[PDB]
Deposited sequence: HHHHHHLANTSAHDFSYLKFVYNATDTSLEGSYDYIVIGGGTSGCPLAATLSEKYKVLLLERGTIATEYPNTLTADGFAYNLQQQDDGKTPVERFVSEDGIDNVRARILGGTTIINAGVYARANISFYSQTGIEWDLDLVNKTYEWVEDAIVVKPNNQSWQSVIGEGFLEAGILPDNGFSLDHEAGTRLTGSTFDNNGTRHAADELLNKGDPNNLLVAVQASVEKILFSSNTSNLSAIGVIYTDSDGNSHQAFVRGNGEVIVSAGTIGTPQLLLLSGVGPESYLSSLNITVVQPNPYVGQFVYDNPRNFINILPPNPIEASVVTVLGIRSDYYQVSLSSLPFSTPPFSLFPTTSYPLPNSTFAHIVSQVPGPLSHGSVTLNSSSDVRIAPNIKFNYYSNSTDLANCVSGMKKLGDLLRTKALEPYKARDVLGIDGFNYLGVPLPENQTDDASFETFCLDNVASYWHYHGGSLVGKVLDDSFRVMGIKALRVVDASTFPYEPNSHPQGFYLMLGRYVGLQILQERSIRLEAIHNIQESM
């Protein structure tokens, strides 16, 4: 079941032969499919559709060769440390809760900037949704992604320490190496290969048909165009010089929005698809009223402590996961820095580490708390929308963080972690901490959870199946319009969702092709 995994190899940019600047007006015209957003779901979706049909993929960012630190594990922090000048692969934002965050702006989407952790969805997820999944095809599609960009990670000293700690702390059983989201401790896959080269969703464009697939970069899609039976017919997009362009679908073809949790509700709202009284209050003509566009937007909380060992530890990428139903835990080890990677810590005024440190982390599942995306500009898609997640508004989320923080306490008490204490005392105050240490009444853990929350970066929702979309990802009430990306589900598929959303892009592409045949 692992014969098919990818090998160590250079990042494959062969697909650049059909990538063009959106300034090229000859890209304007009619296609069978237009995919908006060249990201985690959008790239394998476009590649899949191009097996049989003419596809235009539109991405607002540029190509990853322009930002070489996106292409190595060693460059992960660099892209977050880099200032956001409107063109960089990392776009910075702050939720209305006050928590710093980022999204991608690059061909390949968030797989070009993320921490590389690869996992398949919790196998119970499919029946939880109630969608009639073709489960055999789901698994074939995971293998199609994994053959291109997923490896079995080599050993990393810190990842092995934390795995021994998770097991000693009772996060059982030992699952060895496995891609599956199951209770226990395991080594999972990575989209960094064993030479440190990042592999990503853009490489899945290499599986497209180069005679049928066209990609426009620095293409800012501003509006979905509709028929004068309401149908999507095309898009308006602007190029890096600011000039406008139009592209259309033809016949039985379709527009699919794959612009992410933030970008997809924004574009739907700008296009008149959304809550009637809200759009009317902005004087946006309503094309399709739906009270849920931009509603039910979720961000799984990240809580953490940081330890500063008295001897240097080796930096690592996350590969070893400790999974329970009520918390998902990992640890990153890092070099010190004097410029913070934006959103690693929730505020810019966080203390800076002067030596190597271990960031020890727990994730709240769900979450049950949710907020919304609303427009900041009623016209300009380059102006980021407002986004609020309402962290810990739901008491179940807070209770689950308390459980995870207690388990992090257990982890710090293991023999495995003992050699990284600065003082050989009995308690966990023998560690040196960067930032706030763990407090053991439930009230002190609740305060810690609330005060020190950060984004796990795994936000989702805003165009949910069952609210905005049907079980085939069609926008209800509109022909020839679908949404495929992380805006579509209200809960996580697992601890690390890129593997699910990579699969989903191709999977829905195959469903489109089958429906059409």
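- Unmodelled segments of the deposited chain, in sequence order: 1-2, 231-233, 445-447, 526-538.
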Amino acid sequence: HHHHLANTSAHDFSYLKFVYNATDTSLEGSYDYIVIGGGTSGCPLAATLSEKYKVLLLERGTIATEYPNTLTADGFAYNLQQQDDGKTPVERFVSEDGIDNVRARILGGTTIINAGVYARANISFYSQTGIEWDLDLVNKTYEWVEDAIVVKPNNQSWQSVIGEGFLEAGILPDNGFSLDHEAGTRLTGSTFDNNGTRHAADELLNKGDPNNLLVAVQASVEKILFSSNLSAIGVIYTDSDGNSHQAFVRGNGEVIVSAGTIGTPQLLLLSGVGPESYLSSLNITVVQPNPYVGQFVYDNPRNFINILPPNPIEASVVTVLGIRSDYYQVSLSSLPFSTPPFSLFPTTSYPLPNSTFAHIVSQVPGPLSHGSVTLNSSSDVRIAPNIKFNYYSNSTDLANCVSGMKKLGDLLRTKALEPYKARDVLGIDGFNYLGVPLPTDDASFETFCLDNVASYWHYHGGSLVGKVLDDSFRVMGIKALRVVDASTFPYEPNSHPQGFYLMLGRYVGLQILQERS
From here on, numbers count along this sequence of modelled residues.
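- Stretches 261-269 and 161-169 differ in mean CA B factor, with 161-169 having the higher one.
- Higher average CA B factor: 444-452, of the stretches 457-465 and 444-452.
- Comparing the listed residues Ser244, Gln82, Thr110, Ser220, the entry records the largest Cα B-factor for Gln82.
- Highest C-alpha temperature factor among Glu254, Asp100, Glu418, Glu91, as the PDB entry reports it: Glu418.
- Per the deposited record, the Cα B-factor of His199 falls in the lowest third when ranked against the other modelled residues of its chain.
- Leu504: CA B factor lies in the lowest third for its chain, per the PDB record.
- Sorting the modelled residues of the chain by their CA temperature factor places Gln498 in the lowest third.
- The entry lists a Cα temperature factor for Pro336 that places it in the highest third of the chain's modelled residues.
- Among the modelled residues of its chain, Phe248 has a C-alpha B-factor that falls in the lowest third, as given in the PDB entry.
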